[PDB]
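Worksheet: the structure to be examined is printed underneath.
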Amino acid sequence: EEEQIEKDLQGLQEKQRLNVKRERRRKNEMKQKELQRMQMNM
RNA sequence: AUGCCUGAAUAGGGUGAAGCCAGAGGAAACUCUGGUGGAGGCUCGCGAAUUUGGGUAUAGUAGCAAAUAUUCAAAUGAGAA
């Protein structure tokens, strides 16, 4: 009964952590990409 | 040997390059997983070679000429494999 609560809380917390990590990664990657793209036109 | 003009052809099987998308690691750079995409001195059936049309320059013996399988009935005809 409570095993399901523990499992889904842990799963949602792990998903949240992975989401934070991937958002940080993509934000850095796209900021670098847009900077390079903006600078490549000259 | 090197050309030039105008046409035909430059096929097929396999593999899967940049680039892209989405995931996971690390502060970046960067490295892996899946997909996508469809490229090449990639493969498969000093020297040689490098498709093609037209035009245009520098003893009655040997033997039967070889490309397999012919058969039956009728017609024509002097005479029919």
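Here, A, B, ... name the chains of the structure tokens in the order displayed, residue numbers run from 1 inside each chain, and ligands are numbered from 1 in the same displayed order.
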
Can you work out which residues from chain B touch chain A at a cut-off of 10 Å (counting only C-alpha atoms (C1' of nucleotides)) and hand them back as number ranges by chain? B: 23-24, 28

Within 12 Å of residue 52 in chain B, counting only C-alpha atoms (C1' of nucleotides), which residues qualify if same-chain residues fewer than 4 places away don't, as a PDB file with N, CA and C atoms (P, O5', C5', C4', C3', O3' and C1' of nucleotides), in the first residue's frame?
ATOM      1  P     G B   7      23.173  18.671 -77.605  1.00  0.00           P
ATOM      2  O5'   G B   7      22.730  17.233 -78.121  1.00  0.00           O
ATOM      3  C5'   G B   7      22.571  16.148 -77.220  1.00  0.00           C
ATOM      4  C4'   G B   7      22.262  14.868 -77.953  1.00  0.00           C
ATOM      5  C3'   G B   7      22.110  13.628 -77.091  1.00  0.00           C
ATOM      6  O3'   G B   7      20.846  13.533 -76.464  1.00  0.00           O
ATOM      7  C1'   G B   7      23.499  13.130 -78.923  1.00  0.00           C
ATOM      8  P     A B   8      20.740  12.953 -74.972  1.00  0.00           P
ATOM      9  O5'   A B   8      21.049  11.402 -75.142  1.00  0.00           O
ATOM     10  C5'   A B   8      20.193  10.566 -75.904  1.00  0.00           C
ATOM     11  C4'   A B   8      20.703   9.149 -75.951  1.00  0.00           C
ATOM     12  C3'   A B   8      21.040   8.514 -74.614  1.00  0.00           C
ATOM     13  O3'   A B   8      19.906   8.037 -73.914  1.00  0.00           O
ATOM     14  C1'   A B   8      22.796   8.112 -76.122  1.00  0.00           C
ATOM     15  P     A B   9      19.831   8.190 -72.319  1.00  0.00           P
ATOM     16  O5'   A B   9      21.027   7.284 -71.788  1.00  0.00           O
ATOM     17  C5'   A B   9      20.975   5.871 -71.907  1.00  0.00           C
ATOM     18  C4'   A B   9      22.251   5.224 -71.430  1.00  0.00           C
ATOM     19  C3'   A B   9      22.677   5.546 -70.009  1.00  0.00           C
ATOM     20  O3'   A B   9      21.979   4.808 -69.024  1.00  0.00           O
ATOM     21  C1'   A B   9      24.526   5.778 -71.436  1.00  0.00           C
ATOM     22  P     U B  10      21.647   5.484 -67.607  1.00  0.00           P
ATOM     23  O5'   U B  10      23.071   5.649 -66.917  1.00  0.00           O
ATOM     24  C5'   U B  10      23.845   4.512 -66.568  1.00  0.00           C
ATOM     25  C4'   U B  10      25.263   4.890 -66.221  1.00  0.00           C
ATOM     26  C3'   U B  10      25.450   5.724 -64.967  1.00  0.00           C
ATOM     27  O3'   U B  10      25.405   4.958 -63.778  1.00  0.00           O
ATOM     28  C1'   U B  10      26.732   6.643 -66.719  1.00  0.00           C
TER      29        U B  10
END

task = Would you kindly return, as a VMD selection string, each protein, DNA or RNA residue with an atom no farther than 8 Å from any atom of range 2-6 of chain B, considering only C-alpha atoms (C1' of nucleotides) and excluding same-chain residues fewer than 2 positions away?
result = chain B and resid 55 to 58

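The space between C1' of residue 26 in chain B and CA of residue 24 in chain A spans 12.5 Å.
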
Between CA of residue 40 in chain A and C1' of residue 21 in chain B lies a distance of 22.8 Å

> Near residue 22 in chain B, within 12 Å and counting only C-alpha atoms (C1' of nucleotides), which residues show up once chain neighbours fewer than 2 positions away are dropped, as number ranges by chain?
Replying inline: A: 22, 26; B: 20, 24, 33-36

Requested write-out: C-alpha atoms (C1' of nucleotides) of the selected residues, as a PDB file, in the first residue's frame:
ATOM      1  CA  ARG A  22      18.603  18.633 -18.858  1.00  0.00           C
ATOM      2  CA  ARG A  26      20.006  22.735 -23.013  1.00  0.00           C
TER       3      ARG A  26
ATOM      4  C1'   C B  20      19.814  17.357 -37.699  1.00  0.00           C
ATOM      5  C1'   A B  24      22.485   9.949 -20.419  1.00  0.00           C
ATOM      6  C1'   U B  33      22.794   5.527 -26.823  1.00  0.00           C
ATOM      7  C1'   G B  34      18.653   5.501 -30.426  1.00  0.00           C
ATOM      8  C1'   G B  35      16.680   7.580 -34.808  1.00  0.00           C
ATOM      9  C1'   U B  36      17.106  10.503 -39.101  1.00  0.00           C
TER      10        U B  36
END
